[PDB]
Every structure is written in C-alpha cells, then in structure tokens.
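Here is the file data-v1.pdb (PDB, C-alpha atoms and all ligand atoms).
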ATOM      1  CA  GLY A   1      10.829  20.768  -8.867
ATOM      2  CA  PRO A   2      10.463  16.991  -9.109
ATOM      3  CA  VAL A   3       9.602  15.447 -12.473
ATOM      4  CA  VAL A   4       6.309  13.534 -12.554
ATOM      5  CA  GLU A   5       6.070  11.173 -15.531
ATOM      6  CA  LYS A   6       2.929   9.335 -16.585
ATOM      7  CA  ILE A   7       3.908   5.758 -17.472
ATOM      8  CA  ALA A   8       2.143   5.527 -20.824
ATOM      9  CA  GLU A   9       3.004   1.827 -21.252
ATOM     10  CA  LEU A  10       0.842   0.928 -18.238
ATOM     11  CA  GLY A  11      -2.588   2.313 -19.108
ATOM     12  CA  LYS A  12      -5.392   3.099 -16.675
ATOM     13  CA  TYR A  13      -6.534   1.230 -13.562
ATOM     14  CA  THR A  14      -9.868   1.222 -11.756
ATOM     15  CA  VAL A  15      -8.066   1.240  -8.411
ATOM     16  CA  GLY A  16      -4.366   0.626  -8.961
ATOM     17  CA  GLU A  17      -2.829  -0.230  -5.597
ATOM     18  CA  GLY A  18      -0.249  -2.097  -3.535
ATOM     19  CA  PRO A  19       2.966  -1.318  -5.450
ATOM     20  CA  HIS A  20       5.939  -3.491  -4.528
ATOM     21  CA  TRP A  21       9.451  -3.048  -5.949
ATOM     22  CA  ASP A  22      11.543  -6.220  -6.162
ATOM     23  CA  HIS A  23      15.066  -4.864  -6.334
ATOM     24  CA  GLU A  24      16.940  -7.990  -7.448
ATOM     25  CA  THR A  25      14.765  -8.380 -10.563
ATOM     26  CA  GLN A  26      14.129  -4.622 -11.046
ATOM     27  CA  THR A  27      10.404  -5.322 -11.261
ATOM     28  CA  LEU A  28       7.295  -3.548  -9.950
ATOM     29  CA  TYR A  29       4.299  -5.629  -8.887
ATOM     30  CA  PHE A  30       0.922  -4.122  -8.047
ATOM     31  CA  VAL A  31      -2.801  -4.873  -7.870
ATOM     32  CA  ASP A  32      -6.187  -3.514  -8.797
ATOM     33  CA  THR A  33      -8.353  -3.730  -5.692
ATOM     34  CA  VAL A  34     -11.624  -3.766  -7.679
ATOM     35  CA  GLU A  35     -10.808  -5.668 -10.886
ATOM     36  CA  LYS A  36      -9.369  -8.816  -9.211
ATOM     37  CA  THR A  37      -6.068  -8.573 -11.088
ATOM     38  CA  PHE A  38      -2.357  -8.614 -10.329
ATOM     39  CA  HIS A  39       0.132  -6.666 -12.442
ATOM     40  CA  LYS A  40       3.840  -6.720 -13.283
ATOM     41  CA  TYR A  41       5.940  -3.957 -14.836
ATOM     42  CA  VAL A  42       9.603  -4.306 -15.818
ATOM     43  CA  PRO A  43      10.625  -0.711 -16.590
ATOM     44  CA  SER A  44      14.044  -1.400 -18.147
ATOM     45  CA  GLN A  45      12.456  -3.742 -20.716
ATOM     46  CA  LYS A  46       9.059  -1.981 -21.021
ATOM     47  CA  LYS A  47       7.292  -5.253 -20.175
ATOM     48  CA  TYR A  48       3.769  -5.345 -18.713
ATOM     49  CA  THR A  49       1.728  -8.388 -17.686
ATOM     50  CA  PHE A  50      -1.424  -9.133 -15.704
ATOM     51  CA  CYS A  51      -3.007 -12.054 -13.853
ATOM     52  CA  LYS A  52      -6.731 -12.668 -13.225
ATOM     53  CA  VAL A  53      -8.412 -14.294 -10.203
ATOM     54  CA  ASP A  54     -12.038 -14.423  -9.033
ATOM     55  CA  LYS A  55     -11.578 -12.883  -5.559
ATOM     56  CA  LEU A  56     -10.875  -9.308  -4.491
ATOM     57  CA  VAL A  57      -7.118  -8.680  -4.178
ATOM     58  CA  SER A  58      -5.198  -5.996  -2.294
ATOM     59  CA  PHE A  59      -1.449  -6.801  -2.109
ATOM     60  CA  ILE A  60       1.212  -8.915  -3.829
ATOM     61  CA  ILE A  61       4.589  -9.579  -2.202
ATOM     62  CA  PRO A  62       7.265 -12.106  -3.274
ATOM     63  CA  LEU A  63       7.657 -15.078  -0.950
ATOM     64  CA  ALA A  64      11.117 -15.105   0.640
ATOM     65  CA  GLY A  65      13.220 -17.955  -0.723
ATOM     66  CA  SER A  66      10.650 -19.121  -3.318
ATOM     67  CA  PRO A  67      11.079 -17.643  -6.806
ATOM     68  CA  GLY A  68       7.836 -17.672  -8.749
ATOM     69  CA  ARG A  69       5.646 -17.502  -5.633
ATOM     70  CA  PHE A  70       3.863 -14.547  -4.043
ATOM     71  CA  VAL A  71       1.944 -13.870  -0.834
ATOM     72  CA  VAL A  72      -1.363 -12.205  -1.737
ATOM     73  CA  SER A  73      -4.842 -11.483  -0.432
ATOM     74  CA  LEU A  74      -7.915 -13.219  -1.876
ATOM     75  CA  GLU A  75     -10.916 -11.554  -0.219
ATOM     76  CA  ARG A  76     -10.222 -12.457   3.439
ATOM     77  CA  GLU A  77      -7.667 -15.212   2.766
ATOM     78  CA  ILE A  78      -3.916 -14.776   2.844
ATOM     79  CA  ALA A  79      -2.627 -17.134   0.152
ATOM     80  CA  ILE A  80       0.459 -18.156  -1.795
ATOM     81  CA  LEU A  81       0.041 -17.769  -5.540
ATOM     82  CA  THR A  82       2.418 -19.633  -7.841
ATOM     83  CA  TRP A  83       2.696 -17.318 -10.849
ATOM     84  CA  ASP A  84       5.217 -17.174 -13.675
ATOM     85  CA  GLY A  85       4.765 -13.404 -13.931
ATOM     86  CA  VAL A  86       3.301 -13.487 -17.446
ATOM     87  CA  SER A  87       0.461 -16.015 -17.817
ATOM     88  CA  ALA A  88      -2.992 -14.493 -17.349
ATOM     89  CA  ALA A  89      -3.851 -16.798 -14.418
ATOM     90  CA  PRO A  90      -1.942 -18.369 -11.515
ATOM     91  CA  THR A  91      -0.471 -21.829 -11.915
ATOM     92  CA  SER A  92      -1.776 -22.794  -8.466
ATOM     93  CA  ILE A  93      -3.152 -21.303  -5.241
ATOM     94  CA  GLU A  94      -2.219 -22.396  -1.699
ATOM     95  CA  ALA A  95      -4.408 -20.882   1.013
ATOM     96  CA  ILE A  96      -2.595 -20.033   4.263
ATOM     97  CA  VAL A  97      -5.266 -18.609   6.576
ATOM     98  CA  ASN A  98      -8.640 -16.854   6.456
ATOM     99  CA  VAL A  99      -8.241 -13.859   8.751
ATOM    100  CA  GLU A 100     -12.002 -13.334   9.322
ATOM    101  CA  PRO A 101     -13.914 -16.502   8.365
ATOM    102  CA  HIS A 102     -17.209 -15.356   9.862
ATOM    103  CA  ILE A 103     -17.291 -11.733   8.689
ATOM    104  CA  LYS A 104     -18.893 -12.344   5.308
ATOM    105  CA  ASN A 105     -18.766  -8.765   3.975
ATOM    106  CA  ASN A 106     -15.187  -7.866   4.971
ATOM    107  CA  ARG A 107     -12.058  -7.939   2.833
ATOM    108  CA  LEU A 108      -8.337  -7.537   3.281
ATOM    109  CA  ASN A 109      -6.873  -4.209   2.159
ATOM    110  CA  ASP A 110      -3.350  -2.789   2.362
ATOM    111  CA  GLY A 111      -0.518  -5.105   3.406
ATOM    112  CA  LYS A 112       3.267  -4.961   3.636
ATOM    113  CA  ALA A 113       6.085  -6.929   5.254
ATOM    114  CA  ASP A 114       7.882  -5.268   8.151
ATOM    115  CA  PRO A 115      11.697  -5.142   7.810
ATOM    116  CA  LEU A 116      11.955  -8.606   9.432
ATOM    117  CA  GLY A 117       9.688 -10.211   6.816
ATOM    118  CA  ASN A 118       6.478 -10.448   8.863
ATOM    119  CA  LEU A 119       3.350  -9.661   6.861
ATOM    120  CA  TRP A 120       1.132  -6.963   8.371
ATOM    121  CA  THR A 121      -2.278  -6.276   6.846
ATOM    122  CA  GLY A 122      -5.712  -5.008   7.815
ATOM    123  CA  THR A 123      -9.351  -5.460   6.872
ATOM    124  CA  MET A 124     -12.361  -3.314   6.008
ATOM    125  CA  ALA A 125     -15.991  -3.621   5.039
ATOM    126  CA  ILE A 126     -16.358  -4.237   1.310
ATOM    127  CA  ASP A 127     -18.970  -1.447   1.430
ATOM    128  CA  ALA A 128     -16.840   0.914   3.514
ATOM    129  CA  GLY A 129     -17.447   4.591   2.841
ATOM    130  CA  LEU A 130     -15.942   8.010   3.470
ATOM    131  CA  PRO A 131     -16.263  10.230   5.363
ATOM    132  CA  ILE A 132     -18.720   7.932   7.201
ATOM    133  CA  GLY A 133     -19.520   4.262   6.588
ATOM    134  CA  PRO A 134     -19.379   0.873   8.340
ATOM    135  CA  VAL A 135     -16.292   0.481  10.549
ATOM    136  CA  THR A 136     -15.558  -3.253  10.736
ATOM    137  CA  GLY A 137     -11.820  -3.634  10.104
ATOM    138  CA  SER A 138      -8.848  -4.716  12.206
ATOM    139  CA  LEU A 139      -5.048  -4.727  11.873
ATOM    140  CA  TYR A 140      -3.181  -8.067  11.881
ATOM    141  CA  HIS A 141       0.191  -9.632  11.394
ATOM    142  CA  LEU A 142       0.886 -13.161  10.216
ATOM    143  CA  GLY A 143       3.075 -14.900  12.749
ATOM    144  CA  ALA A 144       4.300 -18.354  13.698
ATOM    145  CA  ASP A 145       2.469 -21.477  12.548
ATOM    146  CA  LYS A 146       0.519 -19.343  10.059
ATOM    147  CA  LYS A 147      -1.751 -17.793  12.704
ATOM    148  CA  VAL A 148      -2.586 -14.107  12.715
ATOM    149  CA  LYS A 149      -2.433 -11.817  15.713
ATOM    150  CA  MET A 150      -4.667  -8.760  16.069
ATOM    151  CA  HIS A 151      -3.200  -5.355  16.972
ATOM    152  CA  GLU A 152      -5.987  -2.795  16.496
ATOM    153  CA  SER A 153      -9.748  -2.746  15.922
ATOM    154  CA  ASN A 154     -12.311  -0.098  14.847
ATOM    155  CA  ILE A 155     -10.524   0.511  11.535
ATOM    156  CA  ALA A 156     -12.684   1.886   8.723
ATOM    157  CA  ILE A 157     -10.307   1.524   5.754
ATOM    158  CA  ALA A 158      -7.089  -0.363   6.598
ATOM    159  CA  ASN A 159      -4.309   1.306   4.652
ATOM    160  CA  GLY A 160      -0.634   2.257   4.406
ATOM    161  CA  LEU A 161       2.100   0.809   6.637
ATOM    162  CA  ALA A 162       5.747   1.650   7.328
ATOM    163  CA  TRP A 163       8.451   1.035   9.937
ATOM    164  CA  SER A 164      11.347   3.165  11.136
ATOM    165  CA  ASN A 165      14.883   2.140  10.233
ATOM    166  CA  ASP A 166      15.793   1.481  13.866
ATOM    167  CA  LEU A 167      12.734  -0.845  14.199
ATOM    168  CA  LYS A 168      11.402   1.198  17.135
ATOM    169  CA  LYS A 169       8.360   2.746  15.401
ATOM    170  CA  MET A 170       5.490   1.663  13.193
ATOM    171  CA  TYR A 171       3.368   4.076  11.139
ATOM    172  CA  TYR A 172      -0.191   3.242  10.130
ATOM    173  CA  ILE A 173      -3.138   4.758   8.251
ATOM    174  CA  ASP A 174      -6.866   4.265   8.654
ATOM    175  CA  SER A 175      -8.157   6.484   5.847
ATOM    176  CA  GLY A 176     -11.288   7.328   7.828
ATOM    177  CA  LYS A 177      -9.215   8.978  10.568
ATOM    178  CA  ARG A 178      -7.632  11.429   8.060
ATOM    179  CA  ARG A 179      -4.309  11.151   9.875
ATOM    180  CA  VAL A 180      -1.146   9.071  10.154
ATOM    181  CA  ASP A 181      -0.542   7.404  13.534
ATOM    182  CA  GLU A 182       2.765   6.377  15.070
ATOM    183  CA  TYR A 183       3.286   3.499  17.492
ATOM    184  CA  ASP A 184       6.087   2.079  19.556
ATOM    185  CA  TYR A 185       6.975  -1.190  17.796
ATOM    186  CA  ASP A 186       8.566  -4.022  19.799
ATOM    187  CA  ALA A 187      10.467  -6.026  17.186
ATOM    188  CA  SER A 188      11.068  -8.895  19.622
ATOM    189  CA  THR A 189       7.398  -9.457  20.567
ATOM    190  CA  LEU A 190       5.859  -8.049  17.351
ATOM    191  CA  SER A 191       3.467  -5.835  19.286
ATOM    192  CA  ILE A 192       2.617  -2.143  19.060
ATOM    193  CA  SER A 193       1.696   0.305  21.815
ATOM    194  CA  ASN A 194       1.451   4.037  22.658
ATOM    195  CA  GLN A 195      -0.657   4.880  19.591
ATOM    196  CA  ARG A 196      -0.646   8.627  18.921
ATOM    197  CA  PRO A 197      -1.269  10.940  15.946
ATOM    198  CA  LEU A 198       1.845  11.836  13.966
ATOM    199  CA  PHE A 199       0.244  13.968  11.252
ATOM    200  CA  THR A 200      -3.363  15.187  11.118
ATOM    201  CA  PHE A 201      -4.686  16.351   7.740
ATOM    202  CA  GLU A 202      -7.070  18.981   9.109
ATOM    203  CA  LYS A 203      -4.251  20.697  11.026
ATOM    204  CA  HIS A 204      -2.458  21.408   7.722
ATOM    205  CA  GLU A 205      -5.330  22.031   5.272
ATOM    206  CA  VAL A 206      -4.512  18.820   3.391
ATOM    207  CA  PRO A 207      -7.600  17.670   1.438
ATOM    208  CA  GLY A 208      -8.656  14.118   0.793
ATOM    209  CA  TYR A 209      -7.639  10.995   2.679
ATOM    210  CA  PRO A 210      -4.324   9.296   3.473
ATOM    211  CA  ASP A 211      -4.089   5.989   1.614
ATOM    212  CA  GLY A 212      -0.810   4.076   1.050
ATOM    213  CA  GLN A 213       2.532   5.240   2.445
ATOM    214  CA  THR A 214       6.239   4.460   2.374
ATOM    215  CA  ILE A 215       9.336   5.696   4.192
ATOM    216  CA  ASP A 216      12.666   6.888   2.811
ATOM    217  CA  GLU A 217      16.226   6.361   4.077
ATOM    218  CA  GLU A 218      16.126   9.679   5.946
ATOM    219  CA  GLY A 219      12.997   8.621   7.841
ATOM    220  CA  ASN A 220      10.523  10.825   5.976
ATOM    221  CA  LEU A 221       7.111   9.357   5.173
ATOM    222  CA  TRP A 222       5.677   9.682   1.673
ATOM    223  CA  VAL A 223       1.884   9.503   1.841
ATOM    224  CA  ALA A 224      -0.585   9.056  -1.005
ATOM    225  CA  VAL A 225      -3.525  11.479  -0.802
ATOM    226  CA  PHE A 226      -6.704  10.002  -2.251
ATOM    227  CA  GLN A 227      -8.890  12.865  -3.562
ATOM    228  CA  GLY A 228      -5.989  15.227  -2.920
ATOM    229  CA  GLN A 229      -4.199  14.971  -6.293
ATOM    230  CA  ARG A 230      -0.866  14.740  -4.479
ATOM    231  CA  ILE A 231       1.693  12.911  -2.415
ATOM    232  CA  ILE A 232       2.937  14.577   0.761
ATOM    233  CA  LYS A 233       6.275  14.261   2.557
ATOM    234  CA  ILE A 234       5.996  14.362   6.353
ATOM    235  CA  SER A 235       8.446  14.273   9.237
ATOM    236  CA  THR A 236       8.879  11.367  11.626
ATOM    237  CA  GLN A 237      11.263  13.377  13.851
ATOM    238  CA  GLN A 238       8.610  15.876  15.009
ATOM    239  CA  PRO A 239       4.819  15.546  15.044
ATOM    240  CA  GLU A 240       2.668  17.566  12.653
ATOM    241  CA  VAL A 241       5.350  18.732  10.189
ATOM    242  CA  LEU A 242       4.560  18.887   6.467
ATOM    243  CA  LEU A 243       7.899  18.843   4.646
ATOM    244  CA  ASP A 244       6.768  18.981   1.021
ATOM    245  CA  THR A 245       3.927  18.412  -1.441
ATOM    246  CA  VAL A 246       4.184  16.912  -4.931
ATOM    247  CA  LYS A 247       1.149  17.279  -7.180
ATOM    248  CA  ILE A 248       0.179  14.194  -9.201
ATOM    249  CA  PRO A 249      -2.174  14.729 -12.192
ATOM    250  CA  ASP A 250      -4.619  12.004 -11.104
ATOM    251  CA  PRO A 251      -6.793  13.178  -8.154
ATOM    252  CA  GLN A 252      -7.193   9.730  -6.607
ATOM    253  CA  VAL A 253      -3.614   8.937  -5.635
ATOM    254  CA  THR A 254      -3.597   5.534  -3.917
ATOM    255  CA  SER A 255      -0.100   4.369  -2.957
ATOM    256  CA  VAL A 256       3.669   4.714  -3.350
ATOM    257  CA  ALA A 257       6.816   2.597  -3.598
ATOM    258  CA  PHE A 258      10.430   3.563  -4.243
ATOM    259  CA  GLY A 259      12.108   1.814  -7.150
ATOM    260  CA  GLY A 260      14.586   2.067 -10.001
ATOM    261  CA  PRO A 261      18.190   0.848  -9.945
ATOM    262  CA  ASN A 262      19.138   3.385  -7.251
ATOM    263  CA  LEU A 263      15.841   3.240  -5.274
ATOM    264  CA  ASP A 264      15.277   6.957  -5.968
ATOM    265  CA  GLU A 265      12.344   6.798  -8.419
ATOM    266  CA  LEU A 266       8.999   6.942  -6.627
ATOM    267  CA  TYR A 267       6.266   4.872  -8.280
ATOM    268  CA  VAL A 268       2.750   6.198  -7.643
ATOM    269  CA  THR A 269      -0.518   4.323  -8.266
ATOM    270  CA  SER A 270      -3.930   5.969  -8.716
ATOM    271  CA  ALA A 271      -7.599   5.134  -9.231
ATOM    272  CA  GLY A 272      -9.831   5.885 -12.211
ATOM    273  CA  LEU A 273     -12.979   4.735 -10.403
ATOM    274  CA  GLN A 274     -15.452   7.612 -10.597
ATOM    275  CA  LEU A 275     -17.237   8.120  -7.283
ATOM    276  CA  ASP A 276     -20.523   9.902  -6.766
ATOM    277  CA  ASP A 277     -19.279  12.373  -4.082
ATOM    278  CA  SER A 278     -15.991  13.323  -5.741
ATOM    279  CA  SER A 279     -14.318  16.728  -5.414
ATOM    280  CA  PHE A 280     -13.093  16.265  -9.014
ATOM    281  CA  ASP A 281     -15.082  15.991 -12.246
ATOM    282  CA  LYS A 282     -15.010  12.673 -14.107
ATOM    283  CA  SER A 283     -12.798  14.061 -16.893
ATOM    284  CA  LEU A 284      -9.921  14.314 -14.378
ATOM    285  CA  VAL A 285     -10.159  10.819 -12.875
ATOM    286  CA  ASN A 286      -8.165   8.369 -14.998
ATOM    287  CA  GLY A 287      -6.083   5.922 -12.925
ATOM    288  CA  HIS A 288      -2.607   6.205 -14.467
ATOM    289  CA  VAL A 289       0.647   5.017 -12.883
ATOM    290  CA  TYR A 290       3.312   7.700 -12.373
ATOM    291  CA  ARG A 291       7.045   7.858 -11.673
ATOM    292  CA  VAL A 292       8.500  10.760  -9.672
ATOM    293  CA  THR A 293      12.198  11.582  -9.974
ATOM    294  CA  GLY A 294      14.341  14.301  -8.476
ATOM    295  CA  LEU A 295      13.064  14.057  -4.892
ATOM    296  CA  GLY A 296      16.627  14.016  -3.570
ATOM    297  CA  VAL A 297      15.994  10.948  -1.380
ATOM    298  CA  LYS A 298      16.370   7.176  -1.627
ATOM    299  CA  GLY A 299      14.022   4.494  -0.336
ATOM    300  CA  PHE A 300      14.419   0.801   0.491
ATOM    301  CA  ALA A 301      13.880  -2.318  -1.591
ATOM    302  CA  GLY A 302      10.552  -4.028  -1.028
ATOM    303  CA  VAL A 303      10.778  -6.678   1.704
ATOM    304  CA  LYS A 304       9.705 -10.252   0.963
ATOM    305  CA  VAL A 305       7.306 -12.146   3.224
ATOM    306  CA  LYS A 306       8.847 -14.870   5.380
ATOM    307  CA  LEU A 307       6.677 -17.882   6.190
TER     308      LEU A 307
HETATM  309 HG    HG A 401      -0.852 -13.813 -10.068
HETATM  310 HG    HG A 402       0.226 -13.525  -8.315
HETATM  311 MG    MG A 403      -4.925   1.711  -0.119
END
Hey, can you dump this file as structure tokens for me?
Amino acid sequence: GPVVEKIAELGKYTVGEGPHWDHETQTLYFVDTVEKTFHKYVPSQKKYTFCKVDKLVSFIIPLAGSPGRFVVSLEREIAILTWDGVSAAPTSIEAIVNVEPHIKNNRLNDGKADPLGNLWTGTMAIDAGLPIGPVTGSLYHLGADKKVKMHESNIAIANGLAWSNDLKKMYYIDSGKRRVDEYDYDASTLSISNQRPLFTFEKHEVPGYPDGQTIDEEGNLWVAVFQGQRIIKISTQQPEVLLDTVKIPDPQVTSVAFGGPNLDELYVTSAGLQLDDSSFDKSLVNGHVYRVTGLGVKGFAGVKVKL
C-alpha cells in the first residue's frame, strides 16, 4: 500500500490548512486557520519558515507574475501580502476587497485558483459548528476590477475546491453537507449551474466531514476527511463511487495538495485542535503534516492567482 510519512521537520499545527505547491520553486505553502500564521516548507532543502499576522488566515497562493507576493485571506479581506518567505512578518499588506464588510462574525475559509487563475473562495461563521451550527457562508470568485461575484449561499463551512481538466466541471465541499457536489462550470462566463451530489458520505459509511480536496491527472478527487483519520479517492466519471481509502495517523485530516518534483507526492495537512465532541481521544489528535507516496497517480502544479 501507499507509504504515509510524517514530516518530522514540520512539527504540529492547531489547524494546518490550505496547502499550495509552487512547482517552479519546489516549495509548499500553507496556513494555520486558528493561529494567524503562514508557513513555507522547502522539502529538498529541509527549510521551514513562518509568518505572523493579526487576522485569521485561510489560504496563501502566489500572485501570478509577481515574485515575493501572495494572495491571502485576512478575516474577510482578500489581500496581497509582500513576503520574502522567511521573515516572521510581511513586508507590506495591500488590501484588495472585503467580501462581506457588514457580516462582523464571518471569515473567509478555503480558497483556490481555478485553472484560469481566478480565485474562488467561500465564507463561514467564525463560530460555525458541526453537525449543526450557524449557516452564514457564501461561495465567491474574484473577478474583473477586483469585485467578487457570488455563486452559492447557505454554506455552513466553505471548503475544498477543484475543477475538471476539460474545464466543464467544478467540485465543491460544504463540510456541513457531508458530501461533495459537482457543478457545470462555464469557463467563459465564470458561472456554475446544475448543482448535484457527486459523493455522499452516509451512502458509503465514511465517517467525519469532507474538508479540503484536490484532483489528479486522471480526474479522481482526493478528499480530506476531518474526524475520519483518512483521505478518500472518489470517481468523477460516475456518481457515488469510492475508489480507495488511505489512512492518515492524525484523525483531523484537513486538506491535500500534490507536490514533489514529479507531482506524485501527496501532501496532507491536519489539525491538533482538541474539540469537545471528538470521536477520538486527545492523545491521538496532534496536527502533523504528512506526505503520501506510491498512489500511482500524478496531480497538477498549484495555480497562481491572476489579478
Ligand atoms: Hg506572509
Ligand atoms: Hg504571506
Ligand atoms: Mg478546510
């Protein structure tokens, strides 16, 4: 079976999240969604750095055409951070847009660029809760003239995103729905329609909640299972098909990104935050970062945000 390696050099994260693999520099970026920190890991040189801000963060993606600059979330603001990748604070911050200026207790959560470079991201209540809590989030993309467009409402916990290689489908996760949805994606109008369930956890006895996801070159989705101690591989060719399961030692698996020189090493983030209604004792909940090899598939380089 696949080899799952704990990355000792990286330590433990409260809620490690938002992994992004920059292929040209062979570098993994990620966030902690509770500790207000950004992180960088260069595996070939065993280099780790972090960056501190005073707002909640949920994604970090290099800005297309601008080395040393990243598109990030700061609470409800999408911003450009100028960061040298090693100093413990940004050099400067340029706000782009506040997606929800008048929703004081919301935050941005998972975000990713579509294959054309458009940032998609969604919101949630800061005090969201599972299985039931306040449902206040929406799904957005950042379009022309730095204005966002809304694509879906009634989202409890805005989470993982992916797009099919032919640009005809988008895949999206609200963790509260315990399923992955598929949509028809119109790449020319950047709109989505015909929402329908692709994969429903209760139909397959999958525990926990879908969190982040990514897609491989064959079109399979790799989905992080928070409170499931696993990643799952699911079909996009047929609905409701579980292709494989890979156990990850940490129960609170949060997200996934393919990396390595050949894009065939799956990086997996997790959360050490100990929650009061957990299905796992505290001794099991650590928050390590993992690397999975031997899956027999390749992914895609992380896409930069175009502004
Ligand atoms: Hg930073
Ligand atoms: Hg940054
Ligand atoms: Mg997430």
Test item: residues at most 12 Å from residue 92 in chain A, only C-alpha atoms, excluding those fewer than 5 positions along its chain, as a ChimeraX atom specification: /A:53,68-70,79-84,87
What would the selection look like, as a PyMOL selection string, if the PyMOL selection byres (((not hetatm)) within 9 of (chain A and resi 403)) were run on the coordinates I just shared? chain A and resi 15-18+33+58+109-111+157-160+175+210-213+224+226+254-255
Translate the PyMOL selection byres (((chain A and resi 29) around 9) and not hetatm), as applied to the file shown, into an explicit residue set as a tab-separated table (two decimals) with C-alpha atoms, in the coordinates of the input.
chain	number	residue	atom	x	y	z
A	18	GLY	CA	-0.25	-2.10	-3.54
A	19	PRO	CA	2.97	-1.32	-5.45
A	20	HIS	CA	5.94	-3.49	-4.53
A	21	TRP	CA	9.45	-3.05	-5.95
A	22	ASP	CA	11.54	-6.22	-6.16
A	27	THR	CA	10.40	-5.32	-11.26
A	28	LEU	CA	7.30	-3.55	-9.95
A	30	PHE	CA	0.92	-4.12	-8.05
A	31	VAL	CA	-2.80	-4.87	-7.87
A	38	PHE	CA	-2.36	-8.61	-10.33
A	39	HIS	CA	0.13	-6.67	-12.44
A	40	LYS	CA	3.84	-6.72	-13.28
A	41	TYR	CA	5.94	-3.96	-14.84
A	42	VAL	CA	9.60	-4.31	-15.82
A	59	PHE	CA	-1.45	-6.80	-2.11
A	60	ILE	CA	1.21	-8.91	-3.83
A	61	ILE	CA	4.59	-9.58	-2.20
List the residues matched by the PyMOL selection byres (((chain A and resi 265) around 10) and not hetatm) in the displayed structure as a PyMOL selection string, ordered by chain and then by residue number. chain A and resi 3-4+257-264+266-268+290-299
Kindly indicate which residue among A:307, A:227, A:200, A:180 lies nearest to residue 281 in chain A, using all atoms listed in the file for the distances. A:227
Around the point (2.1, -0.7, -22.3) in the file's coordinates, collect all residues with an atom within 10 Å, using all atoms listed in the file, and return them as an mmCIF file with C-alpha atoms, in the coordinates of the input.
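Output file part_23.cif follows:
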data_model
loop_
_atom_site.group_PDB
_atom_site.id
_atom_site.type_symbol
_atom_site.label_atom_id
_atom_site.label_comp_id
_atom_site.auth_asym_id
_atom_site.auth_seq_id
_atom_site.Cartn_x
_atom_site.Cartn_y
_atom_site.Cartn_z
ATOM 1 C CA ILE A 7 3.908 5.758 -17.472
ATOM 2 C CA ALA A 8 2.143 5.527 -20.824
ATOM 3 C CA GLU A 9 3.004 1.827 -21.252
ATOM 4 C CA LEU A 10 0.842 0.928 -18.238
ATOM 5 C CA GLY A 11 -2.588 2.313 -19.108
ATOM 6 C CA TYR A 41 5.940 -3.957 -14.836
ATOM 7 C CA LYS A 46 9.059 -1.981 -21.021
ATOM 8 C CA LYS A 47 7.292 -5.253 -20.175
ATOM 9 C CA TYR A 48 3.769 -5.345 -18.713
ATOM 10 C CA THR A 49 1.728 -8.388 -17.686
#
Using only C-alpha atoms and all ligand atoms for the distances, tell me which of A:225, A:128, A:64, A:72 is nearest to ligand HG 402 (chain A).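 Once distances to ligand HG 402 (chain A) are computed over only C-alpha atoms and all ligand atoms, the minimum belongs to A:72.
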Among the residues A:207, A:137, A:115, A:85, the one that comes closest to ligand HG 401 (chain A) [using all atoms listed in the file]: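 Checking each candidate against ligand HG 401 (chain A), we get A:85 as the closest.
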Give me the residues within 12 Å of residue 204 in chain A as a ChimeraX atom specification, counting only C-alpha atoms and dropping any in the same chain fewer than 2 places off. /A:178-179,199-202,206-208,232,234,239-245
Restrict the selected residues to C-alpha atoms and save them as a compact mmCIF listing (two decimals), in the coordinates of the input.
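Saved file again.txt follows:
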# COMPACT_ATOMS: atom_id res chain seq x y z
CA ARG A 178 -7.63 11.43 8.06
CA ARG A 179 -4.31 11.15 9.88
CA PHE A 199 0.24 13.97 11.25
CA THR A 200 -3.36 15.19 11.12
CA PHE A 201 -4.69 16.35 7.74
CA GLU A 202 -7.07 18.98 9.11
CA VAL A 206 -4.51 18.82 3.39
CA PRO A 207 -7.60 17.67 1.44
CA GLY A 208 -8.66 14.12 0.79
CA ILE A 232 2.94 14.58 0.76
CA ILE A 234 6.00 14.36 6.35
CA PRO A 239 4.82 15.55 15.04
CA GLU A 240 2.67 17.57 12.65
CA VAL A 241 5.35 18.73 10.19
CA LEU A 242 4.56 18.89 6.47
CA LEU A 243 7.90 18.84 4.65
CA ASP A 244 6.77 18.98 1.02
CA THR A 245 3.93 18.41 -1.44
Nearest to residue 100 in chain A, chosen from A:170, A:74, A:144, A:289, with all atoms listed in the file counted in the distances: A:74
Considering all atoms listed in the file, state which residue in the set A:303, A:119, A:86, A:34 is at the smallest distance from ligand HG 402 (chain A).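 Among the listed residues, A:86 lies closest to ligand HG 402 (chain A).
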